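Here is the structure we will look at.
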Amino acid sequence: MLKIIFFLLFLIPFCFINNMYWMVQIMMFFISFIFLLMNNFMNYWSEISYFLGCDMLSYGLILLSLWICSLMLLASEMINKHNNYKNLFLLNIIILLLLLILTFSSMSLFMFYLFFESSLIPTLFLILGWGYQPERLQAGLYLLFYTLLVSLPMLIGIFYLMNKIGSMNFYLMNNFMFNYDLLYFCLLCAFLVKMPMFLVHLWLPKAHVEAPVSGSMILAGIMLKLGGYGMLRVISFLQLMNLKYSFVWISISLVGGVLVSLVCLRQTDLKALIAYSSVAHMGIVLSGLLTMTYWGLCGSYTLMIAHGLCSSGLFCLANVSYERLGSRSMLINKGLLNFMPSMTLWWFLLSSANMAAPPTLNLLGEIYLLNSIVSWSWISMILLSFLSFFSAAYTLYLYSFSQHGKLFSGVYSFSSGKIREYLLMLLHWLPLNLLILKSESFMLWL
Amino acid sequence: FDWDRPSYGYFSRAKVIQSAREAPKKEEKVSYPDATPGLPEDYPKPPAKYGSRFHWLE
């Protein structure tokens, strides 16, 4: 595992040498290939190195980050085009990636938290540094302060577990089952925030709408998963307490998913709409996760991988349109099929994946969470039908409205799509399908 | 009575006598067998088991 870490560390100096922007991604893509060869993992931890291991769960999430963090560099070519502190920008991602790799590769719960939040600050610099609109302040704080407010109490819950278990290592924790009501709320309300839950999602539409394209990728790509990944490790020893209060979370997320889907239909901003679509699906992920069944756990792991690639993908396309039309509102963006017809194909495939269209990896995960939820209670069929219905209602509205109609009138002349953009879109979607072939690996982490 | 007036400073001097009481005060030392013990210097100090034992042994 140290092979990855020391590779990244020695790539830090590449931020300082000039005319090395493009030589960075290749080193970032090549390491993904090298990491892609060392899959021999199992449910239990493997490749121990001083505190760094990796199981099938951590592997897929790590590999997802390397892929996504590599696409960030492709997407944010404008930073290179205007030399807008590109060297500092590169160092932000290389640091950020290292924090993620450690976070998932950490074997002890305290470490996971140590790099859990620490990744936030590199993200926070990203929003303020390279965001256009003035609201990146008022969205910079929300991201920082919702997270800190609920992560600091989690730190107490972590330490209280040493004095009982005597250690942080995940395997040793699973041997215990705790009965204290507050402790349950000090290790899940901290992750329920970052999922996010419907009622505490108020930061998500602000952070995503204002953050740059690259920040949108990682915020939607890996930050929403750290909440999901964290839960998968800490419901193991909260099984008893999970049964007394699960019905509160399931109802909120399920009803939260439906209500947000209606909110999606009344949006008029591409960035906002995609961001609210994240809350909709993340409600199903959390819902199935708390069902605790074998299906709900394997499925939740799957959907987190698939959704991140998609929602990250859809943020590419919004940036492409915004870069030229200059406005992210739906009213400006119309009939793009008649300006950039080649682009509209990628709009569809990424859009179709978001609505659980086949043969994507997204449908495999969504079939499963749906199974666990139904088994949990037949009453869940009511909204789970509504949520899947409306989860396509806004996706069509997102795609159709922005691509189909007659062209805008005031738009000034702008460049057409470039090869970089097409290559970026392929790398987002094409794995999202081929992964179905080897779901063997990225599914059975239990 | 053939007595003599002692010199002016005769009685201001230290006067050492032969104690007829013959019971000069004794001497003893208090004993606390229950005193808070400390680590003795002769105690051997091998390396700690797994070092610091902090979080990730750091």
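Only the coordinates and a few stated rules stand behind these numbers; no lab work does. Here Cβ is always computed from backbone atoms with ideal geometry, including for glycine, and neighbour counts include all displayed protein chains.
Pull out the extension gain between A:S413 and A:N83, defined as 0.36 nm times the separation in residues minus the alpha carbon to alpha carbon distance; nm, one decimal.
116.4 nm
Express in nm, to one decimal, how much length is gained between A:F10 and A:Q239 on full extension, taking 0.36 nm for each residue of separation and deducting their alpha carbon distance.
78.2 nm
Give me a single rounded figure for B:47-56: the average over its residues of other chain Cβ atoms within 10 Å of their Cβ.
2
Hey, if you put +1 on the Cβ of every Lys and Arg and -1 on every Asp and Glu Cβ in region A:81-234, which of A:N163, A:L192, A:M107 ends up farthest toward the positive end of that dipole?
A:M107
Sort A:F315, A:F389, B:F1 by Cβ crowding within 10 Å, fewest neighbours at the top.
In order of increasing Cβ crowding within 10 Å: B:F1, A:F389, A:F315.
Let me check I've understood the local charge: for A:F170, count other residues with C-beta under 10 angstrom from its C-beta, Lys and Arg +1, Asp and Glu -1. What total comes out?
Local charge sum for A:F170: 0.
Non-local amide H neighbours of A:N169 (under 5 Å, H modeled in plane, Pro and chain starts lacking H): which ones?
For A:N169, the qualifying residues are A:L109.
Can you work out ³J(HN,Hα) from phi for every residue in region A:346-357, in order, using Karplus 6.51 cos²θ - 1.76 cosθ + 1.60 and θ = phi - 60°, giving whole Hz and x for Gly and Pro?
With the stated coefficients, region A:346-357 comes to 5, 3, 5, 5, 5, 4, 4, 4, 4, 8, 6, 8 Hz.
From the backbone phi of region A:281-294, what are the Karplus-calculated ³J(HN,Hα) couplings (6.51 cos²θ - 1.76 cosθ + 1.60, θ = phi - 60°) in whole Hz, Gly and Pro given as x?
6, 4, x, 5, 4, 5, 4, x, 4, 6, 5, 6, 6, 3
Let me know the mean shielding of A:103-113 by other chains, meaning the per-residue number of their Cβ atoms within 10 Å of its Cβ.
Counting Cβ atoms of other protein chains within 10 Å of each residue's Cβ and averaging gives 1.
Order A:339-346, B:43-50, A:224-231, A:31-38 from most to least packed using the mean count of other Cβ atoms within 10 Å.
My ranking of the peptides, most packed first, is A:224-231, A:339-346, A:31-38, B:43-50.
Can you give the local net charge around A:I305? Use residues other than it whose beta-carbon is closer than 13 angstrom to its beta-carbon, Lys and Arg +1, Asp and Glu -1.
Every neighbour counted, the sum reads +1.
Cα gyration tensor of region A:188-259, axes a ≥ b ≥ c as square roots of the eigenvalues: rounded (a/c below 1.5), prolate (a/b > b/c) or oblate?
oblate
With +1 on each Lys and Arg Cβ and -1 on each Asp and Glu Cβ, and nothing else charged, work out how big the dipole of the protein assembly as shown is about its Cα centre, in Debye to the nearest 20.
The calculation lands at about 600 debye.
Rounded to the nearest angstrom and ordered from largest down, what semi-axes does the equivalent ellipsoid of the protein assembly as shown get from its C-alpha gyration tensor (root of 5λ)?
64, 28, 23
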